Amino acid sequence: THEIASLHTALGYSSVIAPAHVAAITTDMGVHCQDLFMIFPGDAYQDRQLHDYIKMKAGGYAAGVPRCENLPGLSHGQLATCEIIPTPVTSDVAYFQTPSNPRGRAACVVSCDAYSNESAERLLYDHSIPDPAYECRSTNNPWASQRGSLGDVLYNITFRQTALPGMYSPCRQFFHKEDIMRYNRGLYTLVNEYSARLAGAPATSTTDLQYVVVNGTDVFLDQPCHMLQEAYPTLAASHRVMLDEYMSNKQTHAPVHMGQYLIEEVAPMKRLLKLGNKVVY
Amino acid sequence: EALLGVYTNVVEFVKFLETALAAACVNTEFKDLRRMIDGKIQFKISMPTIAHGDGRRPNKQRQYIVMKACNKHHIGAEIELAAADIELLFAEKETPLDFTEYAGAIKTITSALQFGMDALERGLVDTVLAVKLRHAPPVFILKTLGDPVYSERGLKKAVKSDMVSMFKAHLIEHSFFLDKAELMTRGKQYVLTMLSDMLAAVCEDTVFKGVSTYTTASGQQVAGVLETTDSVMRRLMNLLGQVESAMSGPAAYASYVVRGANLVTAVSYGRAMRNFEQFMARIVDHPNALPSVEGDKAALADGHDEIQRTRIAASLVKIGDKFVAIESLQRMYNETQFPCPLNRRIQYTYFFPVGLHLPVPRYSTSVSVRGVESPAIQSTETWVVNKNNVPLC
Amino acid sequence: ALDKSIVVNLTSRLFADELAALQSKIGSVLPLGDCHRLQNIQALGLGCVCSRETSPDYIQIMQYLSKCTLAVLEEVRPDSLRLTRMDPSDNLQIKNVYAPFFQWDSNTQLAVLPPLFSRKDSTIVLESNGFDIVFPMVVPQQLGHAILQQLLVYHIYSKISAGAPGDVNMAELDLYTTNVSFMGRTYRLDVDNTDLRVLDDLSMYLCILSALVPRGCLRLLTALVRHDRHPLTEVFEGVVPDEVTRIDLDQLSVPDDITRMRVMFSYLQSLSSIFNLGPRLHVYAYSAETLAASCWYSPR
Amino acid sequence: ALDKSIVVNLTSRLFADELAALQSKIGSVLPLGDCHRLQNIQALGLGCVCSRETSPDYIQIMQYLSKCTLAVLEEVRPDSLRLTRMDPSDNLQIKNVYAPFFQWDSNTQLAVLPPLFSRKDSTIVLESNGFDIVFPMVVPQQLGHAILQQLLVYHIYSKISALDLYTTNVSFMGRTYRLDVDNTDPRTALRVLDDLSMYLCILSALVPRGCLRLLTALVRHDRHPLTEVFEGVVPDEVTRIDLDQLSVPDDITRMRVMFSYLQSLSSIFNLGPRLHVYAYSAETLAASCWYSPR
Amino acid sequence: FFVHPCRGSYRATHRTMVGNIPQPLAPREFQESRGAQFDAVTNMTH
Amino acid sequence: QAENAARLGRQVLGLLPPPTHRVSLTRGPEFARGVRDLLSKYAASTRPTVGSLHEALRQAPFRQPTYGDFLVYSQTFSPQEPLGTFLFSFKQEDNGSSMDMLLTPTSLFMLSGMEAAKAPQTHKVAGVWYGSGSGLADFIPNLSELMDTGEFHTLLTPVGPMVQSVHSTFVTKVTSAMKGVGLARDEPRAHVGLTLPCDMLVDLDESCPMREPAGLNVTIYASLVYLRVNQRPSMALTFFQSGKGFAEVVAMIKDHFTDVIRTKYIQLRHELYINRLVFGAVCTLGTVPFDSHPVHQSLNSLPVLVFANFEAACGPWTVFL
Amino acid sequence: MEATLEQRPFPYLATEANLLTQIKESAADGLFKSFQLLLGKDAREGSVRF
Amino acid sequence: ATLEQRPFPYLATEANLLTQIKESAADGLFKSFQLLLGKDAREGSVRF
């Protein structure tokens, strides 16, 4: 055993880190959705015949590394889970081109007064007040931002960690109230805790699926979506045709056509989109 | 058939003080840290004010007092010595094969004692780097906090929303800055204004700023160390010249011994000074002498003045007027099969619709699309582009 | 400071075939009839008590293992075997080469049981000396108290089917006895119903109890009526079956009842200890790939 | 390493009479109270629980015996008794001078018992100091058990009398013996019997049915050497319980609880501390053994 | 959802059909474009 | 820097097992000169000094524990403990490589679910280390069924007191001690004793006197009692401290639990299930020396005993009733 | 035992660096734990007592 | 004003201090004492 004491003589911050070079993208950015039959195994329909019917239309550990045995091998990398937040058919597309929350209300609690839990809750939930984002509407979807709503019913769950490996939920950070209230404090108490503490229940790495890390040893990651409390849009095109217009001419592209739309990605990484041999950066 | 050769490794011994990372630290050898309960550094910041005769109520004198503490760290190791290895360490004066059976057993225990030291010399460079990475917030948070022009008035409610707006805009534009130098036409001048902006954001206000700890050849002043992996270091060394690649620094640690009058108060009372003797010469030997930077420098540089300066193999660089050493620690991590902490993973969340309507006065802008525009059509899927650019529904 | 090593010599050299089976199990636990370092072959197995010509025993082995000194192989050299000594509360290392294979975990308590399974799984026959060494059945204590129990029930109903066919179904008996669930896992043991003469002594004892116990407890209740009767014995009158309480003790006389009560207790202490007390040792570290368990021996 | 020796101070010179008996039993195990070098004579006896005027209760005396530290004598000087000590877990020479003589060998087993055959032969009185000294008896476990078997059978059948040949005789291969009961307090020997009535009527509730039907197939014709207790006639009770149908998974849950309560009968049939002899000399009567308190 | 009197509490029924979803949240110009998708799948004749 | 490396040359070669006593016969009677620790009577003088007796203090017995290394979820093992608590290792199935479940006696109070007045002090303290109790019960979904058939005492293996806990966010490393007195990590030259809550411990030798022998040995026993409260199965774990020998304490434990035996078995006049008959089990957690005073402490209050010179020796569970 | 602040009249040393930048805002939202302000009538060396 | 067991260099006196200490400390002659039995009676260690 060797005993070492460390002490910081500077008052302010005397060291600064920065991302420089992306080596590779680990997670495949594809289409795989999260199956709630596997996350909530208890709940079921009354008829055994009808509950076994719906399971036919949808569908552990190994030496410390949790492995799924339904897939023999993967070619695009680690497979990304997707949730589904149901949403009215009349929610605006103009909400979707700018980074924001998947619930209809903005949840940045850093702006609020420090150590005031009632003022922070009133930003999230009450509808006497229009959004800190928008002054026109109070809420984009009342299915997720509302206090007893299906967003707040499904995904407000504090993680329970069964003996089975348990699986990661991307939506669960944007809806969980108590992990949002951790950022209600002053700025410099947040900046001190940004690099030192690993946040609540992130994904694993070098696995098949996205598993929530239950054994945090030497997992180094840092994630800026908890602090800034926004989610970055990607490519979406409601028909195959409008994805061709984005790659022919990027400037004179039309974001919304008569029936369909498109969302250009606004992300901190800007990838090379190459389909065919035409390249749009 | 016969053998041709027998080849093994000699383990590359890299200690803490030969690396350039000790430019970011101040090293003192402390004999009995098993006895210490706590550490303490006590600041007293006296803040001056402007007197002006407007309708203001003038401020009285202010004073801040700042307390700092140590943080303990414990390192482990492991040695497994065999049964018969210890057993035949004692009996001898047998046949000459039992000398070379004996001398092959002292070579086992000494190689198992190098390994107990090698696993502990890497432990310093691990824990010191892991202390630097905990007190290192990113650029996009600290850049718009390091300029006083945004928070002259104080952090009210309207300033904080105007800073969170700047955390997002600096995260989208200026992230992955060495990856963006390829596609920009300017290029090498963009990184140099990016990386000198990281340099000006760090708080340089260190207690030991006037202490002369590292120098270059010709007496220039090293200011800081930036640490990359091997892949990034190939980039920064080619864009910017390695002007000198040799620095001067101490050969050994600074000593601190509790001998003398420190030992009486350590035993009788529960406390002990650092440098009781120089601390005594201010209070009782020569009182009411105001503190002045020019002559008080010998008590700040306690020990670190007059250590034997030795040449250190390094790689320096010119950024503005400040010399910076550039390190890479993968040879100390890839040889032990532990993954490097500067190699790192960043998680993003990707927001995405499917299946919407558009309201009644439907419009278009596209010049060239012939098909879909009928009003009875409905879209029940959306297309995503993968990592490998394969579009999926 | 003390020297412990046990070096057994032989009269004849080993064959090349028999050396490979002992190299298969170079970490093991052998019983050993003497404490001294120099010793002949006839003690280091179970061939000193159990043999082919003698009738197979359970209890006379389980009496023997508590009385015997254990030992661990280190190196097999022809012809001189090299064991090491097992001391009270001594820390050493075990590899687990035993047939059939039960999976060990750390923080379990190892119980040395006699081998009641097949011959080729248990022993290794030394043709050079004509003597049989027998490796004991090392099984974790909760399995060893359960791998005995279902096989002792199987031996009872096999004795009922041989006396009368219509009382026992074979598919009911095989499904519920030969399949043993432990630690989530299952083990289908080799039945060896090809002809279990090991467990005939226990099946004699537990039945002679089972007739004499309810005959015995009626007399011992009524003979202890007092003013200072212990107050928990009023409770256990509600536990005894109602058919037990209706015995006419006039049928057995006083010279018959003293013979019963001395037969009553003399089986009870002889049968209690042989389920309880054997050479039993703990394990605090284990790895399944190296198959190496670090142990420490508690003598009881 | 450790020292172990007890030299016993004594306030009167002993006579030549009692010095001859103590010289004859020079290697002998006796308990004593406190763990020190210097010691009064009033701790060395087992007579602090077994007196003349008080009625002794041999279970309570045996219950007393597992508490005490034990000791072996070294010398008998005319003033002071000098003894050595027995501690876990130490190898030691033990030499039997015990008067109801039994034969040991290498790899035998032992245990310590109160004097249960002849109290007058096993207790010598010291008229010089007024305090008497009681020696215990060391017995192999087989007769170590079989004396406590006969003593518990006696206190059941002395209470029913509210004659001797069946109750007070310990049987063994080759010899028969007489237990010493003239004045026994049965009350500490009966709380043991009160707990036997607890276990034995629970063991009568969870009897397996297949093992009772095994005897109804056995003792009627199949006569064996060790089933001669029943004399060829089935009991009237065993025919009354086997009227049910046999089912295997019922008796699986019964034979586990039958197994687990026979672990509990160790606690009621305990001997004292046990002595594991590994080497015993025949003509010298000494041995070598390691002491284990359980 | 609705309020139910007694402390009162919130109690629930189920919008059985699709059209019980109210018109701000599923409008009529959508709801007959959803009907024309029914018309084109089954290939019925009017 | 070799001055740092020569320190390990001193301290490793000085701290080894004593070697085997092996002397060649051609040297002669030199082996008797190498028997120093068996000699146990040293000469005294008129004024003895350390320089006279530095040889008598040098020969010492060879004592060493055998540690255990446990890797625990940080939800179960509460991050702050008094560093000497006793431990258990619950075990159901090897699901992963190494994730181990450890039960302190305050954690095993919460899985039990017994009433407050059974242990009035630790209920407040074990309710602030944990939630309502369902932060732990999700790992064992068989807590209703292991209490009915009575398998719960077969799944705990007593391990011993803590020595060190290196605590991280998601996973807590715990090093415990078997086979004897574990060496303290943070304080040098020190020994970790075993700390019990005063609420759980039930002393057994207590008299007016109204005389009992002394000895060298007093043994801490554990007990675990299957019972039913509110028509729901629940357990109760207590401790016992006596040097009376195993034949008395089983009779002394039954007198302590006389009331609990009677109130259970009033039920089974109506329903007789053979699985329900198993009641308790008693382990042996290791010895304490005689006349060591248990020192009371208080933590936040929670009164907590501590035993000097506790050496551990695990035993099996034997089912008393 | 935690290390605690104390206002005893130490012989404070003089550094080349300035410390003043951002202190008034860093006291509000804590950049550093365990501080204590001293306004005008109480910004002095406290009297020595022992 | 706190009692402490720090290893001070204790000074030696001529006068005895032993008369009636067994029954004065137990019955409370003077506040703030501590009795040390056996191996506790030592100047233990220094820790600053």
# chains A, B, ... in the order shown; residues from 1 in each chain; ligands from 1
>>> residues_around(residues="segment 158-167 of chain A", least_positions_apart="6", cutoff="9 Å", atoms="only C-alpha atoms", output="PDB file with C-alpha atoms, in the first residue's frame")
ATOM      1  CA  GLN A  34     -37.444  -1.192 -26.920  1.00  0.00           C
ATOM      2  CA  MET A  38     -38.970  -7.678 -21.474  1.00  0.00           C
ATOM      3  CA  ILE A  39     -38.732  -4.617 -19.180  1.00  0.00           C
ATOM      4  CA  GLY A  60     -28.837 -13.014 -19.229  1.00  0.00           C
ATOM      5  CA  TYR A  61     -25.269 -12.768 -17.974  1.00  0.00           C
ATOM      6  CA  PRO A  66     -24.280  -9.643 -20.387  1.00  0.00           C
ATOM      7  CA  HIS A 176     -37.613  11.530 -14.258  1.00  0.00           C
ATOM      8  CA  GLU A 178     -35.955  13.637  -9.087  1.00  0.00           C
ATOM      9  CA  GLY A 200     -27.970   8.124 -12.947  1.00  0.00           C
ATOM     10  CA  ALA A 201     -28.145   4.868 -14.956  1.00  0.00           C
ATOM     11  CA  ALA A 203     -25.908   2.731 -21.095  1.00  0.00           C
ATOM     12  CA  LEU A 209     -27.914  -4.232 -26.736  1.00  0.00           C
ATOM     13  CA  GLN A 210     -27.895  -1.063 -24.668  1.00  0.00           C
ATOM     14  CA  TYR A 211     -27.841  -2.343 -21.093  1.00  0.00           C
ATOM     15  CA  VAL A 212     -27.959  -0.037 -18.105  1.00  0.00           C
ATOM     16  CA  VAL A 213     -24.580  -0.213 -16.384  1.00  0.00           C
ATOM     17  CA  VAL A 214     -25.025  -1.934 -13.044  1.00  0.00           C
TER      18      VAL A 214
ATOM     19  CA  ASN F  95     -26.046 -15.645 -12.245  1.00  0.00           C
ATOM     20  CA  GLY F 135     -34.920  -1.791  -1.991  1.00  0.00           C
ATOM     21  CA  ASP F 138     -36.398  -7.263  -5.135  1.00  0.00           C
ATOM     22  CA  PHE F 139     -33.229  -9.382  -5.207  1.00  0.00           C
ATOM     23  CA  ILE F 140     -34.916 -12.234  -3.328  1.00  0.00           C
TER      24      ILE F 140
END
>>> residues_around(residues="residue 14 of chain G", least_positions_apart="6", cutoff="6 Å", atoms="only C-alpha atoms", output="VMD selection string")
chain B and resid 291 to 293
>>> interface_residues(of="chain A", to="chain B", cutoff="6 Å", atoms="only C-alpha atoms", output="count of residues only")
40
>>> residues_around(residues="residue 44 of chain G", least_positions_apart="5", cutoff="10 Å", atoms="only C-alpha atoms", output="list in words")
residues 63 of chain B; 7, 9, 38 and 39 of chain G
>>> write_last_selection(atoms="N, CA, C and O atoms", output="PDB file, in the first residue's frame")
ATOM      1  N   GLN B  63     -13.504  41.286   2.733  1.00  0.00           N
ATOM      2  CA  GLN B  63     -12.477  40.328   3.097  1.00  0.00           C
ATOM      3  C   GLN B  63     -13.057  38.942   2.901  1.00  0.00           C
ATOM      4  O   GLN B  63     -14.152  38.639   3.375  1.00  0.00           O
TER       5      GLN B  63
ATOM      6  N   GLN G   7     -10.157  31.657  12.068  1.00  0.00           N
ATOM      7  CA  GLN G   7      -9.804  33.048  11.824  1.00  0.00           C
ATOM      8  C   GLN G   7      -8.668  33.545  12.709  1.00  0.00           C
ATOM      9  O   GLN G   7      -8.670  34.719  13.088  1.00  0.00           O
ATOM     10  N   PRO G   9      -5.040  34.975  13.947  1.00  0.00           N
ATOM     11  CA  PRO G   9      -4.167  35.956  13.261  1.00  0.00           C
ATOM     12  C   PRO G   9      -2.859  35.363  12.754  1.00  0.00           C
ATOM     13  O   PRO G   9      -1.777  35.584  13.298  1.00  0.00           O
ATOM     14  N   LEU G  38     -15.945  38.739   5.581  1.00  0.00           N
ATOM     15  CA  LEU G  38     -15.739  39.684   6.666  1.00  0.00           C
ATOM     16  C   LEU G  38     -15.932  41.079   6.100  1.00  0.00           C
ATOM     17  O   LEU G  38     -15.111  41.537   5.304  1.00  0.00           O
ATOM     18  N   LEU G  39     -17.004  41.752   6.498  1.00  0.00           N
ATOM     19  CA  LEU G  39     -17.207  43.137   6.101  1.00  0.00           C
ATOM     20  C   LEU G  39     -16.428  44.072   7.016  1.00  0.00           C
ATOM     21  O   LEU G  39     -15.544  43.641   7.759  1.00  0.00           O
TER      22      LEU G  39
END
>>> residues_around(residues="residue 55 of chain F", least_positions_apart="4", cutoff="10 Å", atoms="only C-alpha atoms", output="PyMOL selection string")
chain F and resi 36+42+50-51+59
>>> interface_residues(of="chain F", to="chain H", cutoff="12 Å", atoms="only C-alpha atoms", output="mmCIF file with N, CA, C and O atoms, in the first residue's frame")
data_model
loop_
_atom_site.group_PDB
_atom_site.id
_atom_site.type_symbol
_atom_site.label_atom_id
_atom_site.label_comp_id
_atom_site.auth_asym_id
_atom_site.auth_seq_id
_atom_site.Cartn_x
_atom_site.Cartn_y
_atom_site.Cartn_z
ATOM 1 N N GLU F 187 -5.648 2.349 10.408
ATOM 2 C CA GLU F 187 -4.783 2.490 11.567
ATOM 3 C C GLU F 187 -3.758 1.367 11.535
ATOM 4 O O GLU F 187 -4.125 0.190 11.436
ATOM 5 N N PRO F 188 -2.471 1.687 11.585
ATOM 6 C CA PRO F 188 -1.452 0.639 11.648
ATOM 7 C C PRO F 188 -1.421 0.016 13.029
ATOM 8 O O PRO F 188 -1.915 0.588 14.005
ATOM 9 N N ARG F 189 -0.849 -1.193 13.086
ATOM 10 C CA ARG F 189 -0.587 -1.954 14.313
ATOM 11 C C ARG F 189 -1.853 -2.260 15.108
ATOM 12 O O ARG F 189 -1.778 -2.534 16.307
ATOM 13 N N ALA F 190 -3.016 -2.225 14.472
ATOM 14 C CA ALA F 190 -4.285 -2.268 15.173
ATOM 15 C C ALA F 190 -5.061 -3.500 14.740
ATOM 16 O O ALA F 190 -4.721 -4.168 13.764
ATOM 17 N N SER F 292 -12.703 -10.395 28.717
ATOM 18 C CA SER F 292 -12.625 -9.188 27.905
ATOM 19 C C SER F 292 -13.923 -8.404 28.044
ATOM 20 O O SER F 292 -15.008 -8.940 27.796
ATOM 21 N N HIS F 293 -13.814 -7.145 28.442
ATOM 22 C CA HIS F 293 -14.997 -6.326 28.676
ATOM 23 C C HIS F 293 -15.552 -5.819 27.352
ATOM 24 O O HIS F 293 -14.823 -5.167 26.596
#
>>> select_by_dssp(residues="segment 10-162 of chain D", states="strand (DSSP E or B)", output="NGL selection string")
:D and (29-32 or 38-39 or 69-76 or 81-86 or 91-92 or 95 or 109-113 or 123-124 or 133-134 or 137-139)
>>> atom_distance(atom1="atom CA of residue 244 of chain A", atom2="atom CA of residue 279 of chain A")
11.8 Å
>>> closest_residue(among="B:88, B:21, B:307, B:117", to="residue 103 of chain B", atoms="only C-alpha atoms")
B:88
>>> residues_around(residues="residue 204 of chain C", least_positions_apart="3", cutoff="10 Å", atoms="only C-alpha atoms", output="count of residues only")
14
>>> interface_residues(of="chain H", to="chain B", cutoff="9 Å", atoms="only C-alpha atoms", output="MDAnalysis selection string")
chainID H and resid 6:9 45:48
>>> interface_residues(of="chain G", to="chain A", cutoff="8 Å", atoms="only C-alpha atoms", output="list in words")
residues 19, 26, 29, 30, 31 and 32 of chain G
>>> select_by_dssp(residues="chain E", states="alpha helix (DSSP H)", output="count of residues only")
15
>>> interface_residues(of="chain G", to="chain H", cutoff="12 Å", atoms="only C-alpha atoms", output="compact mmCIF listing (two decimals) with N, CA and C atoms, in the first residue's frame")
# COMPACT_ATOMS: atom_id res chain seq x y z
N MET G 1 -12.31 13.25 11.95
CA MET G 1 -12.26 14.69 12.17
C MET G 1 -12.06 15.44 10.86
N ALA G 3 -11.32 18.83 8.55
CA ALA G 3 -10.53 20.05 8.66
C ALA G 3 -11.43 21.28 8.57
N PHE G 50 -5.93 31.90 24.13
CA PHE G 50 -5.38 30.55 24.19
C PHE G 50 -5.78 29.88 25.49
>>> interface_residues(of="chain E", to="chain A", cutoff="9 Å", atoms="only C-alpha atoms", output="mmCIF file with C-alpha atoms, in the first residue's frame")
data_model
loop_
_atom_site.group_PDB
_atom_site.id
_atom_site.type_symbol
_atom_site.label_atom_id
_atom_site.label_comp_id
_atom_site.auth_asym_id
_atom_site.auth_seq_id
_atom_site.Cartn_x
_atom_site.Cartn_y
_atom_site.Cartn_z
ATOM 1 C CA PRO E 24 -58.437 19.134 -31.655
ATOM 2 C CA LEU E 25 -56.339 15.973 -31.290
ATOM 3 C CA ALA E 26 -57.579 14.120 -34.406
ATOM 4 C CA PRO E 27 -59.143 16.580 -36.843
ATOM 5 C CA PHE E 30 -57.115 13.960 -41.123
#
>>> interface_residues(of="chain C", to="chain A", cutoff="12 Å", atoms="only C-alpha atoms", output="list in words")
residues 287, 288 and 289 of chain C
>>> atom_distance(atom1="atom CA of residue 299 of chain C", atom2="atom CA of residue 280 of chain C")
6.7 Å
>>> residues_around(residues="residue 224 of chain C", least_positions_apart="6", cutoff="9 Å", atoms="only C-alpha atoms", output="list in words")
residues 156, 159, 160, 190, 193, 194 and 197 of chain D
>>> write_last_selection(atoms="N, CA and C atoms", output="compact mmCIF listing (two decimals), in the first residue's frame")
# COMPACT_ATOMS: atom_id res chain seq x y z
N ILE D 156 -36.23 -42.50 33.91
CA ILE D 156 -37.59 -42.71 33.43
C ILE D 156 -38.29 -43.76 34.28
N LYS D 159 -39.17 -43.02 38.18
CA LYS D 159 -40.37 -42.21 38.35
C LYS D 159 -41.64 -43.04 38.21
N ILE D 160 -41.61 -44.08 37.37
CA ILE D 160 -42.77 -44.96 37.19
C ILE D 160 -43.02 -45.77 38.45
N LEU D 190 -33.86 -34.63 34.58
CA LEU D 190 -35.21 -34.75 34.05
C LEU D 190 -35.56 -33.60 33.11
N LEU D 193 -34.76 -35.12 30.12
CA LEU D 193 -35.85 -35.99 29.70
C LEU D 193 -37.08 -35.21 29.27
N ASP D 194 -37.25 -33.98 29.77
CA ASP D 194 -38.35 -33.14 29.32
C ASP D 194 -38.15 -32.70 27.88
N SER D 197 -39.00 -35.62 25.48
CA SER D 197 -40.42 -35.73 25.17
C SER D 197 -40.84 -34.68 24.14
>>> closest_residue(among="D:171, D:184, D:54, D:96", to="chain C", atoms="only C-alpha atoms")
D:171
>>> residues_around(residues="residue 235 of chain D", least_positions_apart="6", cutoff="12 Å", atoms="only C-alpha atoms", output="MDAnalysis selection string")
(chainID C and resid 208 210:216 244 247:249 251:252) or (chainID D and resid 212 215:216 219:220 229 241)
>>> write_last_selection(atoms="N, CA, C and O atoms", output="CSV table (one decimal), in the first residue's frame")
chain,number,residue,atom,x,y,z
C,208,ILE,N,-36.4,-49.1,11.9
C,208,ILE,CA,-36.5,-49.7,13.3
C,208,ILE,C,-36.8,-48.5,14.3
C,208,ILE,O,-37.5,-48.7,15.3
C,210,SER,N,-38.7,-46.0,13.2
C,210,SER,CA,-40.0,-45.5,12.8
C,210,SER,C,-41.2,-46.3,13.4
C,210,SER,O,-42.3,-45.8,13.6
C,211,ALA,N,-40.9,-47.6,13.8
C,211,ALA,CA,-41.9,-48.3,14.5
C,211,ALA,C,-41.8,-48.0,16.0
C,211,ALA,O,-42.8,-48.0,16.7
C,212,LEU,N,-40.6,-47.8,16.5
C,212,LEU,CA,-40.4,-47.8,18.0
C,212,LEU,C,-40.5,-46.4,18.5
C,212,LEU,O,-40.8,-46.2,19.7
C,213,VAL,N,-40.4,-45.3,17.7
C,213,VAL,CA,-40.5,-44.0,18.1
C,213,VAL,C,-42.0,-43.6,18.6
C,213,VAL,O,-42.1,-43.2,19.7
C,214,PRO,N,-43.0,-43.9,17.9
C,214,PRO,CA,-44.4,-43.6,18.4
C,214,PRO,C,-44.8,-44.5,19.5
C,214,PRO,O,-45.6,-44.1,20.4
C,215,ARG,N,-44.3,-45.7,19.6
C,215,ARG,CA,-44.4,-46.6,20.7
C,215,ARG,C,-43.7,-46.0,21.9
C,215,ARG,O,-44.1,-46.2,23.1
C,216,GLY,N,-42.5,-45.4,21.7
C,216,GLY,CA,-41.7,-44.9,22.8
C,216,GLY,C,-42.1,-43.6,23.4
C,216,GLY,O,-41.9,-43.4,24.6
C,244,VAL,N,-51.5,-42.6,17.6
C,244,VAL,CA,-50.4,-42.9,18.5
C,244,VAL,C,-50.8,-43.0,20.0
C,244,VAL,O,-50.4,-43.9,20.7
C,247,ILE,N,-52.4,-46.4,22.3
C,247,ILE,CA,-51.7,-47.6,22.5
C,247,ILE,C,-52.0,-48.2,23.9
C,247,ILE,O,-52.0,-47.5,24.9
C,248,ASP,N,-52.5,-49.4,23.9
C,248,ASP,CA,-52.5,-50.2,25.2
C,248,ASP,C,-51.0,-50.7,25.5
C,248,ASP,O,-50.5,-51.5,24.8
C,249,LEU,N,-50.4,-50.1,26.5
C,249,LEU,CA,-49.1,-50.5,26.9
C,249,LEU,C,-49.1,-51.7,27.8
C,249,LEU,O,-48.1,-52.1,28.3
C,251,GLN,N,-49.9,-54.5,26.6
C,251,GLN,CA,-49.4,-55.6,25.7
C,251,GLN,C,-48.0,-56.0,25.9
C,251,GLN,O,-47.6,-57.1,25.8
C,252,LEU,N,-47.1,-55.0,26.2
C,252,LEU,CA,-45.7,-55.2,26.4
C,252,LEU,C,-45.4,-55.1,27.9
C,252,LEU,O,-45.9,-54.1,28.6
D,212,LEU,N,-42.5,-47.6,7.3
D,212,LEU,CA,-43.3,-48.5,8.1
D,212,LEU,C,-43.8,-49.7,7.3
D,212,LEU,O,-43.8,-50.8,7.9
D,215,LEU,N,-41.2,-52.4,7.2
D,215,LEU,CA,-41.1,-53.4,8.3
D,215,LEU,C,-42.2,-54.4,8.3
D,215,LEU,O,-42.0,-55.5,8.7
D,216,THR,N,-43.4,-54.0,7.7
D,216,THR,CA,-44.5,-55.0,7.7
D,216,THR,C,-44.2,-56.0,6.6
D,216,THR,O,-44.7,-57.1,6.6
D,219,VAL,N,-40.3,-57.9,9.0
D,219,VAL,CA,-40.2,-58.7,10.3
D,219,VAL,C,-41.2,-59.9,10.4
D,219,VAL,O,-41.1,-60.7,11.3
D,220,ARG,N,-42.1,-60.1,9.4
D,220,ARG,CA,-43.0,-61.2,9.4
D,220,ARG,C,-42.3,-62.5,9.0
D,220,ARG,O,-42.6,-63.6,9.5
D,229,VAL,N,-35.3,-57.5,18.1
D,229,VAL,CA,-36.0,-56.7,19.1
D,229,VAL,C,-37.5,-57.0,19.1
D,229,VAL,O,-38.2,-57.2,20.2
D,241,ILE,N,-51.0,-47.3,10.9
D,241,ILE,CA,-50.5,-46.1,10.2
D,241,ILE,C,-50.4,-46.3,8.7
D,241,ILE,O,-50.6,-45.3,7.9
